[PDB]
Each structure stands twice: as structure tokens, then as C-alpha cells.
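Text of structure-v2.pdb (PDB, N, CA and C atoms) as supplied:
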ATOM      1  N   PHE A   1     121.044 132.802  24.533  1.00  0.00           N
ATOM      2  CA  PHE A   1     120.502 131.845  25.467  1.00  0.00           C
ATOM      3  C   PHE A   1     119.467 132.530  26.331  1.00  0.00           C
ATOM      4  N   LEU A   2     119.838 133.680  26.921  1.00  0.00           N
ATOM      5  CA  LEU A   2     119.017 134.421  27.856  1.00  0.00           C
ATOM      6  C   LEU A   2     118.200 135.624  27.346  1.00  0.00           C
ATOM      7  N   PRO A   3     117.991 136.041  26.078  1.00  0.00           N
ATOM      8  CA  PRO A   3     117.391 137.344  25.770  1.00  0.00           C
ATOM      9  C   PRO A   3     115.903 137.400  26.079  1.00  0.00           C
ATOM     10  N   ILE A   4     115.276 136.258  26.414  1.00  0.00           N
ATOM     11  CA  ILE A   4     113.927 136.154  26.947  1.00  0.00           C
ATOM     12  C   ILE A   4     113.811 136.880  28.283  1.00  0.00           C
ATOM     13  N   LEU A   5     114.831 136.754  29.156  1.00  0.00           N
ATOM     14  CA  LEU A   5     114.898 137.450  30.430  1.00  0.00           C
ATOM     15  C   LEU A   5     114.970 138.957  30.226  1.00  0.00           C
ATOM     16  N   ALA A   6     115.799 139.407  29.263  1.00  0.00           N
ATOM     17  CA  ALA A   6     115.916 140.798  28.882  1.00  0.00           C
ATOM     18  C   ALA A   6     114.636 141.383  28.290  1.00  0.00           C
ATOM     19  N   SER A   7     113.956 140.661  27.375  1.00  0.00           N
ATOM     20  CA  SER A   7     112.691 141.102  26.796  1.00  0.00           C
ATOM     21  C   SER A   7     111.559 141.183  27.809  1.00  0.00           C
ATOM     22  N   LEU A   8     111.435 140.182  28.707  1.00  0.00           N
ATOM     23  CA  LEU A   8     110.517 140.225  29.829  1.00  0.00           C
ATOM     24  C   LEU A   8     110.831 141.346  30.809  1.00  0.00           C
ATOM     25  N   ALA A   9     112.099 141.546  31.213  1.00  0.00           N
ATOM     26  CA  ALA A   9     112.481 142.640  32.089  1.00  0.00           C
ATOM     27  C   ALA A   9     112.206 144.014  31.485  1.00  0.00           C
ATOM     28  N   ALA A  10     112.548 144.209  30.201  1.00  0.00           N
ATOM     29  CA  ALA A  10     112.402 145.477  29.527  1.00  0.00           C
ATOM     30  C   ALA A  10     110.968 145.834  29.153  1.00  0.00           C
ATOM     31  N   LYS A  11     110.012 144.884  29.198  1.00  0.00           N
ATOM     32  CA  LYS A  11     108.624 145.166  28.860  1.00  0.00           C
ATOM     33  C   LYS A  11     107.649 144.852  29.994  1.00  0.00           C
ATOM     34  N   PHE A  12     108.032 144.042  30.999  1.00  0.00           N
ATOM     35  CA  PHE A  12     107.189 143.717  32.139  1.00  0.00           C
ATOM     36  C   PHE A  12     107.808 144.125  33.463  1.00  0.00           C
ATOM     37  N   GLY A  13     109.084 144.563  33.516  1.00  0.00           N
ATOM     38  CA  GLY A  13     109.725 145.106  34.724  1.00  0.00           C
ATOM     39  C   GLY A  13     108.957 146.160  35.498  1.00  0.00           C
ATOM     40  N   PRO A  14     108.506 147.275  34.920  1.00  0.00           N
ATOM     41  CA  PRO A  14     107.736 148.270  35.664  1.00  0.00           C
ATOM     42  C   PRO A  14     106.328 147.788  35.964  1.00  0.00           C
ATOM     43  N   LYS A  15     105.810 146.769  35.245  1.00  0.00           N
ATOM     44  CA  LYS A  15     104.570 146.120  35.634  1.00  0.00           C
ATOM     45  C   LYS A  15     104.743 145.305  36.909  1.00  0.00           C
ATOM     46  N   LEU A  16     105.864 144.561  37.021  1.00  0.00           N
ATOM     47  CA  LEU A  16     106.138 143.575  38.053  1.00  0.00           C
ATOM     48  C   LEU A  16     106.108 144.136  39.458  1.00  0.00           C
ATOM     49  N   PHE A  17     106.770 145.285  39.702  1.00  0.00           N
ATOM     50  CA  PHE A  17     106.769 145.940  41.003  1.00  0.00           C
ATOM     51  C   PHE A  17     105.373 146.360  41.446  1.00  0.00           C
ATOM     52  N   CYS A  18     104.570 146.919  40.519  1.00  0.00           N
ATOM     53  CA  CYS A  18     103.169 147.198  40.771  1.00  0.00           C
ATOM     54  C   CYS A  18     102.301 145.970  40.966  1.00  0.00           C
ATOM     55  N   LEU A  19     102.532 144.870  40.224  1.00  0.00           N
ATOM     56  CA  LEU A  19     101.837 143.605  40.410  1.00  0.00           C
ATOM     57  C   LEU A  19     102.071 142.985  41.781  1.00  0.00           C
ATOM     58  N   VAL A  20     103.325 143.007  42.286  1.00  0.00           N
ATOM     59  CA  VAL A  20     103.675 142.585  43.642  1.00  0.00           C
ATOM     60  C   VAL A  20     102.940 143.412  44.690  1.00  0.00           C
ATOM     61  N   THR A  21     102.871 144.746  44.511  1.00  0.00           N
ATOM     62  CA  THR A  21     102.083 145.638  45.364  1.00  0.00           C
ATOM     63  C   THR A  21     100.605 145.632  44.972  1.00  0.00           C
ATOM     64  N   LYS A  22     100.020 144.418  44.852  1.00  0.00           N
ATOM     65  CA  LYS A  22      98.604 144.115  44.681  1.00  0.00           C
ATOM     66  C   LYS A  22      97.959 144.786  43.466  1.00  0.00           C
ATOM     67  N   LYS A  23      98.704 144.870  42.344  1.00  0.00           N
ATOM     68  CA  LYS A  23      98.329 145.642  41.168  1.00  0.00           C
ATOM     69  C   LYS A  23      98.104 147.127  41.455  1.00  0.00           C
ATOM     70  N   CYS A  24      99.167 147.894  41.761  1.00  0.00           N
ATOM     71  CA  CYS A  24      99.052 149.331  41.983  1.00  0.00           C
ATOM     72  C   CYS A  24      98.782 150.147  40.713  1.00  0.00           C
TER
END
Render the structure in this file as C-alpha cells.
Amino acid sequence: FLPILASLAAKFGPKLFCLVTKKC
């Protein structure tokens, strides 16, 4: 049901924190 959340987290997770910090 949920492996979309896992695939997004595992491939965009370290992007996401930098994206929040104005694309660091």
C-alpha cells in the first residue's frame, strides 16, 4: 500500500532537507 513513501524517502530524503533550506 505504502512503498511509494519508502521509495520517495529513500531517494529524495537527503534532497528534501536541502530543498527546505532554500536548495542548499
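We find atom C of residue A:4 and atom C of residue A:16 to be spaced 15.4 Å apart.
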Among chain A, which residues carry a DSSP assignment of helix (DSSP H, G or I), reported as a PyMOL selection string? chain A and resi 3-20
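One distance worth recording is that between atom C of residue A:3 and atom CA of residue A:23, which is 24.6 Å.
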